[PDB]
file run.cif (mmCIF, C-alpha atoms)
data_my_file
#
loop_
_atom_site.label_atom_id
_atom_site.label_comp_id
_atom_site.auth_asym_id
_atom_site.auth_seq_id
_atom_site.Cartn_x
_atom_site.Cartn_y
_atom_site.Cartn_z
CA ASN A 57 36.57 -34.54 88.66
CA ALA A 58 34.57 -37.77 88.33
CA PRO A 59 32.66 -38.51 85.14
CA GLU A 60 28.95 -37.64 85.29
CA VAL A 61 28.21 -40.99 83.62
CA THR A 62 30.18 -44.22 83.50
CA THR A 63 29.03 -45.33 80.06
CA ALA A 64 29.00 -44.02 76.49
CA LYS A 65 28.09 -45.78 73.23
CA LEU A 66 30.94 -45.38 70.72
CA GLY A 67 30.63 -46.65 67.21
CA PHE A 68 33.44 -47.95 64.99
CA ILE A 69 33.76 -49.38 61.50
CA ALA A 70 35.98 -52.51 61.12
CA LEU A 71 39.21 -50.75 60.20
CA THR A 72 42.67 -50.76 61.77
CA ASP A 73 42.38 -47.05 62.52
CA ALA A 74 39.56 -47.82 64.99
CA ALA A 75 42.24 -49.57 67.11
CA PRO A 76 42.53 -46.82 69.72
CA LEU A 77 38.82 -47.08 70.59
CA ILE A 78 38.94 -50.90 70.78
CA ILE A 79 42.24 -51.05 72.71
CA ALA A 80 40.87 -48.48 75.17
CA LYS A 81 38.27 -51.14 76.08
CA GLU A 82 40.45 -54.28 75.79
CA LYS A 83 43.41 -52.87 77.74
CA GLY A 84 41.22 -51.17 80.34
CA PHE A 85 41.96 -47.54 79.53
CA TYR A 86 38.29 -46.46 79.78
CA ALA A 87 38.01 -48.12 83.17
CA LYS A 88 41.23 -46.48 84.31
CA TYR A 89 39.42 -43.14 83.79
CA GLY A 90 36.20 -44.00 85.65
CA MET A 91 34.11 -45.26 82.76
CA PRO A 92 34.27 -49.03 82.88
CA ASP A 93 30.87 -49.39 81.14
CA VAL A 94 31.73 -47.88 77.75
CA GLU A 95 30.35 -49.87 74.78
CA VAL A 96 32.45 -50.02 71.60
CA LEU A 97 29.88 -50.94 68.93
CA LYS A 98 30.54 -52.05 65.40
CA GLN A 99 28.60 -50.12 62.73
CA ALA A 100 27.73 -51.66 59.35
CA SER A 101 28.56 -48.59 57.25
CA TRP A 102 29.26 -44.89 57.39
CA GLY A 103 25.61 -44.40 56.50
CA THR A 104 24.46 -46.37 59.53
CA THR A 105 27.05 -44.63 61.71
CA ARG A 106 25.49 -41.32 60.59
CA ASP A 107 22.02 -42.74 61.31
CA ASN A 108 22.97 -43.79 64.83
CA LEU A 109 24.65 -40.45 65.59
CA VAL A 110 21.54 -38.55 64.40
CA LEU A 111 19.50 -40.76 66.73
CA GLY A 112 21.73 -40.39 69.81
CA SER A 113 21.92 -42.91 72.62
CA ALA A 114 18.61 -41.84 74.19
CA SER A 115 16.79 -43.02 71.07
CA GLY A 116 18.83 -46.21 70.61
CA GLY A 117 21.80 -44.88 68.65
CA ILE A 118 25.30 -43.80 69.65
CA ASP A 119 26.99 -40.87 71.43
CA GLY A 120 30.15 -40.73 69.36
CA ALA A 121 32.29 -42.68 66.93
CA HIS A 122 35.56 -43.49 65.21
CA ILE A 123 34.58 -41.46 62.12
CA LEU A 124 35.76 -39.98 58.82
CA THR A 125 36.91 -36.39 59.59
CA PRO A 126 34.41 -34.66 57.24
CA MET A 127 31.44 -36.41 58.79
CA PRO A 128 31.08 -34.46 62.04
CA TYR A 129 30.96 -31.34 59.83
CA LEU A 130 28.43 -32.70 57.31
CA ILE A 131 26.23 -33.96 60.15
CA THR A 132 26.45 -30.70 62.19
CA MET A 133 25.71 -28.60 59.09
CA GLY A 134 23.02 -31.02 57.97
CA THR A 135 23.92 -31.89 54.38
CA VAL A 136 23.95 -35.66 55.01
CA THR A 137 21.00 -35.73 57.39
CA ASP A 138 17.87 -35.01 55.40
CA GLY A 139 16.65 -32.20 57.64
CA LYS A 140 18.21 -33.26 60.93
CA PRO A 141 21.42 -31.26 61.49
CA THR A 142 22.92 -32.69 64.72
CA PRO A 143 25.83 -30.84 66.31
CA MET A 144 29.08 -32.66 66.87
CA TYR A 145 32.62 -32.05 68.09
CA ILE A 146 35.95 -33.53 67.07
CA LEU A 147 37.93 -34.32 70.24
CA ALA A 148 40.98 -35.87 68.59
CA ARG A 149 42.34 -37.16 65.30
CA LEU A 150 42.44 -40.96 65.68
CA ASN A 151 45.15 -41.42 63.01
CA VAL A 152 47.05 -40.10 60.03
CA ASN A 153 47.83 -42.17 56.87
CA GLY A 154 46.98 -45.72 56.05
CA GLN A 155 44.22 -45.96 53.51
CA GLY A 156 44.61 -47.52 50.09
CA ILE A 157 43.56 -47.08 46.48
CA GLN A 158 43.09 -50.38 44.68
CA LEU A 159 42.37 -51.44 41.11
CA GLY A 160 40.67 -54.55 39.78
CA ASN A 161 42.76 -57.23 38.07
CA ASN A 162 41.70 -55.94 34.67
CA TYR A 163 44.23 -53.14 35.20
CA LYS A 164 47.20 -55.30 36.05
CA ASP A 165 49.03 -54.75 32.76
CA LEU A 166 49.04 -50.97 33.33
CA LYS A 167 50.93 -51.24 36.63
CA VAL A 168 49.29 -48.07 37.92
CA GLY A 169 50.80 -46.17 40.85
CA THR A 170 50.39 -42.54 41.98
CA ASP A 171 50.01 -41.40 38.35
CA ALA A 172 46.42 -42.27 37.44
CA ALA A 173 46.63 -40.93 33.85
CA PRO A 174 46.91 -44.38 32.16
CA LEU A 175 43.42 -45.15 33.48
CA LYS A 176 41.87 -42.54 31.21
CA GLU A 177 42.02 -44.64 28.03
CA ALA A 178 41.28 -47.84 29.98
CA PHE A 179 38.13 -46.48 31.65
CA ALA A 180 36.92 -45.44 28.19
CA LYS A 181 36.57 -49.15 27.32
CA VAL A 182 34.09 -49.52 30.21
CA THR A 183 30.42 -48.54 30.06
CA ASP A 184 29.81 -46.10 32.97
CA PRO A 185 32.87 -47.08 35.01
CA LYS A 186 32.39 -46.78 38.74
CA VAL A 187 34.94 -46.11 41.43
CA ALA A 188 33.98 -46.94 45.03
CA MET A 189 34.49 -44.80 48.10
CA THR A 190 33.11 -44.99 51.62
CA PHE A 191 30.77 -42.03 52.14
CA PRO A 192 30.01 -38.97 50.00
CA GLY A 193 32.26 -36.12 51.05
CA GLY A 194 34.24 -38.47 53.26
CA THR A 195 37.99 -38.98 53.35
CA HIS A 196 38.20 -41.83 50.78
CA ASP A 197 35.92 -39.98 48.38
CA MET A 198 38.39 -37.04 48.61
CA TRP A 199 41.46 -39.26 48.19
CA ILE A 200 40.26 -41.20 45.17
CA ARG A 201 38.84 -38.08 43.47
CA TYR A 202 42.12 -36.23 44.10
CA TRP A 203 44.17 -39.05 42.58
CA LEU A 204 41.91 -39.43 39.53
CA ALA A 205 41.72 -35.70 38.99
CA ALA A 206 45.52 -35.29 39.15
CA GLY A 207 45.48 -37.93 36.40
CA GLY A 208 43.12 -35.85 34.25
CA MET A 209 39.85 -37.69 34.96
CA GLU A 210 36.69 -35.93 35.97
CA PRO A 211 33.88 -37.26 38.15
CA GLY A 212 30.63 -37.30 36.21
CA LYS A 213 32.43 -37.51 32.87
CA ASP A 214 35.12 -40.18 32.94
CA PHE A 215 33.77 -42.15 35.92
CA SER A 216 31.09 -42.04 38.61
CA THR A 217 31.62 -42.52 42.33
CA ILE A 218 29.56 -45.07 44.26
CA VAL A 219 29.40 -45.76 48.01
CA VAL A 220 30.31 -49.22 49.36
CA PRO A 221 30.60 -49.94 53.15
CA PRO A 222 34.28 -50.52 54.07
CA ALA A 223 33.84 -54.12 55.15
CA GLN A 224 32.10 -54.87 51.85
CA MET A 225 34.72 -53.40 49.46
CA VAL A 226 36.53 -56.71 48.87
CA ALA A 227 33.25 -58.61 48.17
CA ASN A 228 32.24 -55.92 45.70
CA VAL A 229 35.46 -55.86 43.70
CA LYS A 230 35.12 -59.65 43.46
CA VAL A 231 31.86 -59.20 41.53
CA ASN A 232 33.20 -56.31 39.44
CA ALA A 233 30.96 -53.68 41.01
CA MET A 234 33.67 -51.06 40.43
CA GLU A 235 37.00 -50.54 38.59
CA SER A 236 38.84 -48.96 41.51
CA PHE A 237 38.20 -48.25 45.18
CA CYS A 238 39.57 -46.45 48.22
CA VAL A 239 39.21 -47.85 51.75
CA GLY A 240 41.29 -48.08 54.94
CA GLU A 241 43.32 -51.01 56.25
CA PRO A 242 42.97 -53.95 56.53
CA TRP A 243 41.04 -54.09 53.27
CA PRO A 244 43.79 -53.02 50.82
CA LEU A 245 46.05 -55.82 52.06
CA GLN A 246 43.19 -58.31 52.11
CA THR A 247 42.52 -57.40 48.46
CA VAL A 248 46.15 -58.23 47.61
CA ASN A 249 46.27 -61.40 49.66
CA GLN A 250 43.04 -62.73 48.19
CA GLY A 251 44.32 -61.89 44.70
CA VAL A 252 41.19 -60.00 43.74
CA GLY A 253 42.91 -56.75 42.88
CA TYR A 254 46.18 -54.84 43.32
CA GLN A 255 47.15 -51.65 45.11
CA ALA A 256 48.05 -48.46 43.28
CA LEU A 257 49.19 -46.58 46.39
CA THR A 258 48.83 -46.21 50.15
CA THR A 259 47.48 -42.78 51.00
CA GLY A 260 50.47 -41.41 52.85
CA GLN A 261 51.93 -41.34 49.29
CA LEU A 262 49.18 -38.89 48.24
CA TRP A 263 49.48 -36.58 51.28
CA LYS A 264 52.23 -37.27 53.81
CA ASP A 265 50.91 -37.86 57.34
CA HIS A 266 47.44 -36.95 56.12
CA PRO A 267 44.63 -36.49 58.66
CA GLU A 268 42.13 -39.38 58.47
CA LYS A 269 39.79 -40.58 61.24
CA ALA A 270 38.49 -38.45 64.05
CA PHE A 271 37.12 -39.23 67.47
CA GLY A 272 33.80 -37.44 67.13
CA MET A 273 30.98 -37.03 69.61
CA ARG A 274 27.51 -35.47 69.74
CA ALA A 275 27.88 -31.98 71.17
CA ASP A 276 24.87 -32.38 73.43
CA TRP A 277 26.48 -35.34 75.20
CA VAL A 278 29.84 -33.53 75.58
CA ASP A 279 28.22 -30.29 76.82
CA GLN A 280 26.14 -32.24 79.36
CA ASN A 281 28.94 -34.56 80.46
CA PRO A 282 32.20 -32.55 80.28
CA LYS A 283 34.00 -34.59 82.89
CA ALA A 284 33.11 -37.91 81.21
CA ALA A 285 34.16 -36.47 77.83
CA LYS A 286 37.55 -35.57 79.33
CA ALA A 287 37.82 -39.06 80.80
CA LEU A 288 37.03 -40.72 77.43
CA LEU A 289 39.57 -38.47 75.67
CA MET A 290 42.36 -39.31 78.10
CA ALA A 291 41.55 -43.03 77.75
CA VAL A 292 41.69 -42.73 73.96
CA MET A 293 45.01 -40.83 74.09
CA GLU A 294 46.63 -43.49 76.25
CA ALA A 295 45.28 -46.18 73.92
CA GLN A 296 46.74 -44.24 70.99
CA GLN A 297 50.17 -44.17 72.66
CA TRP A 298 49.89 -47.90 73.30
CA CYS A 299 48.85 -48.72 69.73
CA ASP A 300 51.63 -46.55 68.28
CA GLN A 301 54.45 -48.62 69.82
CA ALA A 302 56.25 -51.14 67.58
CA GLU A 303 56.39 -53.57 70.49
CA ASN A 304 52.59 -53.59 70.73
CA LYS A 305 51.67 -54.03 67.08
CA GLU A 306 51.52 -57.84 67.25
CA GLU A 307 49.21 -57.82 70.24
CA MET A 308 47.10 -55.02 68.74
CA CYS A 309 46.53 -57.02 65.59
CA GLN A 310 45.77 -60.26 67.46
CA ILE A 311 43.07 -58.33 69.32
CA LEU A 312 41.65 -56.72 66.18
CA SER A 313 41.63 -60.07 64.39
CA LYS A 314 39.36 -61.77 66.93
CA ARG A 315 35.76 -62.65 66.21
CA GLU A 316 34.93 -60.14 68.96
CA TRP A 317 36.19 -57.35 66.69
CA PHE A 318 37.07 -57.55 62.95
CA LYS A 319 36.94 -61.32 62.44
CA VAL A 320 39.73 -60.81 59.82
CA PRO A 321 42.83 -63.02 59.36
CA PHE A 322 45.84 -61.70 61.35
CA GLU A 323 47.82 -61.87 58.08
CA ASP A 324 45.65 -59.20 56.47
CA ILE A 325 46.37 -56.78 59.31
CA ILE A 326 49.89 -57.19 60.72
CA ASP A 327 52.13 -56.33 57.80
CA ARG A 328 50.61 -52.91 57.15
CA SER A 329 50.60 -52.15 60.90
CA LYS A 330 54.42 -52.55 60.66
CA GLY A 331 54.83 -50.53 57.47
CA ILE A 332 55.49 -53.59 55.29
CA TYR A 333 53.87 -53.07 51.89
CA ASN A 334 52.99 -55.70 49.30
CA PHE A 335 50.88 -54.00 46.61
CA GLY A 336 50.48 -57.18 44.54
CA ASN A 337 50.71 -57.47 40.78
CA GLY A 338 54.26 -58.75 41.00
CA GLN A 339 55.53 -55.54 42.56
CA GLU A 340 58.38 -56.13 45.01
CA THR A 341 57.44 -55.76 48.70
CA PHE A 342 58.94 -52.67 50.39
CA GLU A 343 59.04 -51.23 53.91
CA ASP A 344 58.20 -47.62 54.81
CA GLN A 345 57.58 -46.70 58.45
CA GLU A 346 56.80 -43.10 57.63
CA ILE A 347 53.71 -43.72 55.49
CA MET A 348 52.12 -46.31 57.80
CA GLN A 349 49.18 -45.54 60.11
CA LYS A 350 50.28 -43.41 63.06
CA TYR A 351 48.23 -42.76 66.20
CA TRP A 352 50.57 -40.59 68.24
CA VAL A 353 54.01 -39.91 66.72
CA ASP A 354 54.36 -36.76 64.60
CA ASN A 355 51.44 -35.11 66.48
CA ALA A 356 49.03 -37.57 64.83
CA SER A 357 46.39 -37.33 67.54
CA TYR A 358 46.27 -33.52 67.70
CA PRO A 359 43.23 -32.43 65.61
CA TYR A 360 44.66 -29.60 63.58
CA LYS A 361 42.01 -27.07 62.57
CA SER A 362 43.94 -26.47 59.29
CA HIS A 363 43.28 -30.13 58.41
CA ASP A 364 39.54 -29.82 59.06
CA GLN A 365 39.63 -26.65 56.88
CA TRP A 366 41.20 -28.63 54.03
CA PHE A 367 38.45 -31.26 54.11
CA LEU A 368 35.79 -28.56 53.93
CA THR A 369 37.67 -26.88 51.08
CA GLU A 370 37.84 -30.22 49.16
CA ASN A 371 34.12 -30.72 49.83
CA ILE A 372 33.63 -27.26 48.26
CA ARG A 373 35.85 -28.39 45.34
CA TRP A 374 33.32 -31.09 44.47
CA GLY A 375 30.14 -29.21 45.32
CA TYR A 376 29.24 -31.07 48.51
CA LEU A 377 29.23 -27.77 50.44
CA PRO A 378 28.27 -24.26 49.27
CA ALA A 379 31.14 -22.23 47.80
CA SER A 380 32.43 -19.50 50.09
CA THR A 381 30.95 -21.40 53.17
CA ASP A 382 32.83 -19.81 56.10
CA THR A 383 35.07 -22.83 56.73
CA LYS A 384 37.17 -21.21 59.48
CA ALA A 385 34.01 -20.37 61.38
CA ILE A 386 32.47 -23.84 61.46
CA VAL A 387 35.84 -25.41 62.26
CA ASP A 388 36.10 -23.10 65.30
CA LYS A 389 32.76 -24.52 66.53
CA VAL A 390 33.24 -28.26 65.77
CA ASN A 391 36.97 -28.73 66.35
CA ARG A 392 37.74 -29.08 70.05
CA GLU A 393 41.54 -29.04 69.98
CA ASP A 394 41.11 -27.02 73.21
CA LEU A 395 39.69 -30.15 74.93
CA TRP A 396 42.58 -32.15 73.44
CA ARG A 397 45.17 -29.79 74.95
CA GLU A 398 43.42 -29.90 78.34
CA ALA A 399 43.48 -33.69 78.34
CA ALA A 400 47.11 -33.92 77.18
CA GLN A 401 48.11 -31.45 79.90
CA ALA A 402 46.31 -33.50 82.55
CA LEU A 403 48.31 -36.53 81.31
CA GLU A 404 52.00 -36.01 80.48
CA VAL A 405 52.27 -35.83 76.70
CA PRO A 406 55.57 -33.89 77.00
CA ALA A 407 55.40 -30.23 75.95
CA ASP A 408 57.07 -30.77 72.59
CA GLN A 409 54.32 -33.24 71.69
CA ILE A 410 51.60 -30.60 72.16
CA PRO A 411 51.37 -28.32 69.08
CA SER A 412 51.68 -24.56 69.69
CA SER A 413 49.24 -23.73 66.92
CA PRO A 414 46.04 -25.18 65.43
CA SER A 415 47.63 -25.10 61.97
CA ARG A 416 50.10 -27.65 60.73
CA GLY A 417 51.07 -25.08 58.11
CA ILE A 418 51.31 -25.47 54.37
CA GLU A 419 50.38 -28.93 53.08
CA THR A 420 51.96 -30.39 49.95
CA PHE A 421 50.15 -33.07 47.91
CA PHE A 422 51.98 -35.66 45.79
CA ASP A 423 51.35 -33.63 42.65
CA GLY A 424 53.06 -30.59 44.17
CA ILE A 425 49.81 -28.68 44.66
CA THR A 426 49.94 -26.86 47.97
CA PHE A 427 47.26 -25.84 50.49
CA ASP A 428 48.01 -22.70 52.48
CA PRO A 429 45.40 -22.54 55.24
CA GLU A 430 45.61 -18.72 55.11
CA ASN A 431 44.21 -18.75 51.53
CA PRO A 432 41.96 -21.71 50.64
CA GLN A 433 40.62 -19.95 47.58
CA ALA A 434 44.13 -19.87 46.05
CA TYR A 435 44.30 -23.64 46.57
CA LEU A 436 41.02 -24.13 44.68
CA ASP A 437 42.19 -21.74 41.97
CA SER A 438 45.25 -23.94 41.45
CA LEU A 439 43.16 -27.05 40.71
CA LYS A 440 42.22 -27.81 37.11
CA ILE A 441 39.26 -30.17 37.67
#

call {"tool": "encode", "arguments": {"input": "run.cif", "output": "C-alpha cells"}}
result
Amino acid sequence: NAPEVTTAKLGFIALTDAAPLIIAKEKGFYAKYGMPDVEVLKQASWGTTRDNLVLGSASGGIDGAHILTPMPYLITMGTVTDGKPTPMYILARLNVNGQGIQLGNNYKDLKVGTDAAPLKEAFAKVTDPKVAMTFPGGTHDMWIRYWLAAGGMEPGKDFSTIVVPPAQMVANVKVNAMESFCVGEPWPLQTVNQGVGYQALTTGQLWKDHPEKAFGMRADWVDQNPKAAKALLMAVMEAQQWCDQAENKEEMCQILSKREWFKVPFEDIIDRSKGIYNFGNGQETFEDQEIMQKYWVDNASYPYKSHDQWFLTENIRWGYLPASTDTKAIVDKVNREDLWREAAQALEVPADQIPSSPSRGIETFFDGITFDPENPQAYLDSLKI
C-alpha cells in the first residue's frame, strides 16, 4: 500500500555507482512511488557515512546509503562502530564492476597490469610504502589487498594500507601520499586525464561482474516503514534499469557532472560509463562492455547472499572479523534478497531476470583461485598470504 512516510535521507559518496540513487531523484522515480520528499545527500567519506548511519535520521544522520557491501555487516556487527552496533539490511546490489587500481607516475616504467609482482622490488625502494583504499574491510581494501597478495606482497610487511575518502584520492596521489590506490569511477579516469598516475586494471578484470555497492538501510527504519522501504526499492530498481541503458549514458553523466552532484568534468565520467578504457602510460585505449559498471544486466541488482558471504570471508582473511564467524548466519539476517524479489515481482523484471537462488555459484578470480560458497574454509586454505 502507501508508504508510511514520504521522505528518507539517503547518503551517497561522489562515485558513478551512486547513479541509481541520484537518477531516482532527478528522473522522478522516488516520486512515482509516493515518496517525493526523499533527500539524496552527499557524504564526505565512508567514515562519515558510517557516522551518519549510526546516528540515524532522528538524531540528524541518515536512514540508508549507497554503500560498500561489507559496511552494513561491519556496522550491524559493530566492529567499525566503537560500541554502537546498529542493525542494517541490504535491499539491493547497486552495481557490479567498475572500480580501479592506480599507480603513481613513479611506476610508469614497470607498466604494471593485473600481475602486481614487479611492484615487490619497487616498493622496497620506498620507506614504509602506503597503498590507499576507501574504508577498512571495504570493497577497495579487499580488491587492492587481493591484487597485491596475488603478486606476493603482504600487508604489514611489504606495504601498509591507509584510508583516503574517494573524492580525495586524486589530490592525495598528487602529493605522493601513497604509491597505489583503489577507488571507484570517476576517479581512475580522472587520474589518467590529469596525468597524475596510470591505471593498472579496472576491477572487473580481477573478478568478473564482481559485487560492489549495496543499497543499505537501517533495519529499524525498514522494520517500521515496510511500505516506504518497498517504494524506495522499486524506485531504485527502475532507476537502475534506466541507468543501465546505452541510450541513457550521456544524460546520466551530464546529470552526475553537475555542481548539484559530483561537480566533476563530463570527460572524466562518460568514457568509462560506455566501457571505453584509457589506462594512461601510453597504453592503447580499448573498449570492453563486459567489464564496465552494470546496474541491471547480468542480474547486477540482485543481492546474492553468496557475494555477501565472500566479503565476510575476505574480511576474515585479513583479520577484520573473527575466524569461524558464522558468515551464513549473519548474511541471512542482513541480506534482504527476499525484499528484492518482492519488489521485482511487483514491477515486471521478467522471470528470467529474477535469480532462482541466492547463490551465484562458484566465483573465479583472475588468478584462478575459486570461491565455492559451500566451503569458504577451502577458499581460505587455498590462499598463500

call {"tool": "residues_around", "arguments": {"input": "run.cif", "residues": "segment 57-73 of chain A", "least_positions_apart": "4", "cutoff": "6 Å", "atoms": "all atoms listed in the file", "output": "number ranges by chain"}}
result
A: 91, 93-99, 118-122, 241, 281, 283-284, 318

call {"tool": "write_last_selection", "arguments": {"input": "run.cif", "atoms": "C-alpha atoms", "output": "mmCIF file, keeping the file's coordinate frame"}}
result
data_model
loop_
_atom_site.group_PDB
_atom_site.id
_atom_site.type_symbol
_atom_site.label_atom_id
_atom_site.label_comp_id
_atom_site.auth_asym_id
_atom_site.auth_seq_id
_atom_site.Cartn_x
_atom_site.Cartn_y
_atom_site.Cartn_z
ATOM 1 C CA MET A 91 34.110 -45.260 82.760
ATOM 2 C CA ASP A 93 30.870 -49.390 81.140
ATOM 3 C CA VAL A 94 31.730 -47.880 77.750
ATOM 4 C CA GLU A 95 30.350 -49.870 74.780
ATOM 5 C CA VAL A 96 32.450 -50.020 71.600
ATOM 6 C CA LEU A 97 29.880 -50.940 68.930
ATOM 7 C CA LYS A 98 30.540 -52.050 65.400
ATOM 8 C CA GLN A 99 28.600 -50.120 62.730
ATOM 9 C CA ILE A 118 25.300 -43.800 69.650
ATOM 10 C CA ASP A 119 26.990 -40.870 71.430
ATOM 11 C CA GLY A 120 30.150 -40.730 69.360
ATOM 12 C CA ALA A 121 32.290 -42.680 66.930
ATOM 13 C CA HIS A 122 35.560 -43.490 65.210
ATOM 14 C CA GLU A 241 43.320 -51.010 56.250
ATOM 15 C CA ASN A 281 28.940 -34.560 80.460
ATOM 16 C CA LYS A 283 34.000 -34.590 82.890
ATOM 17 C CA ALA A 284 33.110 -37.910 81.210
ATOM 18 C CA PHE A 318 37.070 -57.550 62.950
#

call {"tool": "atom_distance", "arguments": {"input": "run.cif", "atom1": "atom CA of residue 74 of chain A", "atom2": "atom CA of residue 262 of chain A"}}
result
21.3 Å

call {"tool": "closest_atom_pairs", "arguments": {"input": "run.cif", "of": "segment 174-243 of chain A", "to": "segment 358-374 of chain A", "cutoff": "10 Å", "atoms": "all atoms listed in the file", "output": "Markdown table"}}
result
| residue | atom | partner | partner_atom | distance |
| --- | --- | --- | --- | --- |
| A:192 | CA | A:371 | CA | 9.2 |
| A:193 | CA | A:371 | CA | 5.8 |
| A:194 | CA | A:367 | CA | 8.4 |
| A:195 | CA | A:367 | CA | 7.8 |
| A:197 | CA | A:371 | CA | 9.5 |
| A:198 | CA | A:370 | CA | 6.9 |
| A:199 | CA | A:370 | CA | 9.8 |
| A:201 | CA | A:374 | CA | 9.0 |
| A:202 | CA | A:370 | CA | 8.9 |
| A:211 | CA | A:374 | CA | 8.9 |

call {"tool": "residues_around", "arguments": {"input": "run.cif", "residues": "residue 109 of chain A", "least_positions_apart": "4", "cutoff": "12 Å", "atoms": "only C-alpha atoms", "output": "PDB file with C-alpha atoms, keeping the file's coordinate frame"}}
result
ATOM      1  CA  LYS A  65      28.090 -45.780  73.230  1.00  0.00           C
ATOM      2  CA  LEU A  66      30.940 -45.380  70.720  1.00  0.00           C
ATOM      3  CA  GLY A  67      30.630 -46.650  67.210  1.00  0.00           C
ATOM      4  CA  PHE A  68      33.440 -47.950  64.990  1.00  0.00           C
ATOM      5  CA  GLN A  99      28.600 -50.120  62.730  1.00  0.00           C
ATOM      6  CA  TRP A 102      29.260 -44.890  57.390  1.00  0.00           C
ATOM      7  CA  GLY A 103      25.610 -44.400  56.500  1.00  0.00           C
ATOM      8  CA  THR A 104      24.460 -46.370  59.530  1.00  0.00           C
ATOM      9  CA  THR A 105      27.050 -44.630  61.710  1.00  0.00           C
ATOM     10  CA  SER A 113      21.920 -42.910  72.620  1.00  0.00           C
ATOM     11  CA  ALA A 114      18.610 -41.840  74.190  1.00  0.00           C
ATOM     12  CA  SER A 115      16.790 -43.020  71.070  1.00  0.00           C
ATOM     13  CA  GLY A 116      18.830 -46.210  70.610  1.00  0.00           C
ATOM     14  CA  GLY A 117      21.800 -44.880  68.650  1.00  0.00           C
ATOM     15  CA  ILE A 118      25.300 -43.800  69.650  1.00  0.00           C
ATOM     16  CA  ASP A 119      26.990 -40.870  71.430  1.00  0.00           C
ATOM     17  CA  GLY A 120      30.150 -40.730  69.360  1.00  0.00           C
ATOM     18  CA  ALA A 121      32.290 -42.680  66.930  1.00  0.00           C
ATOM     19  CA  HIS A 122      35.560 -43.490  65.210  1.00  0.00           C
ATOM     20  CA  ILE A 123      34.580 -41.460  62.120  1.00  0.00           C
ATOM     21  CA  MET A 127      31.440 -36.410  58.790  1.00  0.00           C
ATOM     22  CA  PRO A 128      31.080 -34.460  62.040  1.00  0.00           C
ATOM     23  CA  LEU A 130      28.430 -32.700  57.310  1.00  0.00           C
ATOM     24  CA  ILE A 131      26.230 -33.960  60.150  1.00  0.00           C
ATOM     25  CA  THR A 132      26.450 -30.700  62.190  1.00  0.00           C
ATOM     26  CA  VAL A 136      23.950 -35.660  55.010  1.00  0.00           C
ATOM     27  CA  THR A 137      21.000 -35.730  57.390  1.00  0.00           C
ATOM     28  CA  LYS A 140      18.210 -33.260  60.930  1.00  0.00           C
ATOM     29  CA  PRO A 141      21.420 -31.260  61.490  1.00  0.00           C
ATOM     30  CA  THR A 142      22.920 -32.690  64.720  1.00  0.00           C
ATOM     31  CA  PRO A 143      25.830 -30.840  66.310  1.00  0.00           C
ATOM     32  CA  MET A 144      29.080 -32.660  66.870  1.00  0.00           C
ATOM     33  CA  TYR A 145      32.620 -32.050  68.090  1.00  0.00           C
ATOM     34  CA  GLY A 272      33.800 -37.440  67.130  1.00  0.00           C
ATOM     35  CA  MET A 273      30.980 -37.030  69.610  1.00  0.00           C
ATOM     36  CA  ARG A 274      27.510 -35.470  69.740  1.00  0.00           C
ATOM     37  CA  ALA A 275      27.880 -31.980  71.170  1.00  0.00           C
ATOM     38  CA  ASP A 276      24.870 -32.380  73.430  1.00  0.00           C
ATOM     39  CA  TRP A 277      26.480 -35.340  75.200  1.00  0.00           C
TER      40      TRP A 277
END

call {"tool": "residues_around", "arguments": {"input": "run.cif", "residues": "residue 149 of chain A", "least_positions_apart": "3", "cutoff": "7 Å", "atoms": "only C-alpha atoms", "output": "ChimeraX atom specification"}}
result
/A:269-271,356-359

call {"tool": "residues_around", "arguments": {"input": "run.cif", "residues": "residue 182 of chain A", "least_positions_apart": "5", "cutoff": "10 Å", "atoms": "only C-alpha atoms", "output": "ChimeraX atom specification"}}
result
/A:177,214-215,235

call {"tool": "write_last_selection", "arguments": {"input": "run.cif", "atoms": "C-alpha atoms", "output": "short mmCIF file (atom, residue, chain, number, x, y, z; two decimals), keeping the file's coordinate frame"}}
result
data_model
loop_
_atom_site.label_atom_id
_atom_site.label_comp_id
_atom_site.auth_asym_id
_atom_site.auth_seq_id
_atom_site.Cartn_x
_atom_site.Cartn_y
_atom_site.Cartn_z
CA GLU A 177 42.02 -44.64 28.03
CA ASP A 214 35.12 -40.18 32.94
CA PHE A 215 33.77 -42.15 35.92
CA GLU A 235 37.00 -50.54 38.59
#

call {"tool": "residues_around", "arguments": {"input": "run.cif", "residues": "residue 291 of chain A", "least_positions_apart": "5", "cutoff": "8 Å", "atoms": "all atoms listed in the file", "output": "ChimeraX atom specification"}}
result
/A:80,85-86,88-89

call {"tool": "closest_residue", "arguments": {"input": "run.cif", "among": "A:82, A:184, A:294, A:165", "to": "residue 399 of chain A", "atoms": "all atoms listed in the file"}}
result
A:294

call {"tool": "atom_distance", "arguments": {"input": "run.cif", "atom1": "atom CA of residue 375 of chain A", "atom2": "atom CA of residue 138 of chain A"}}
result
16.9 Å
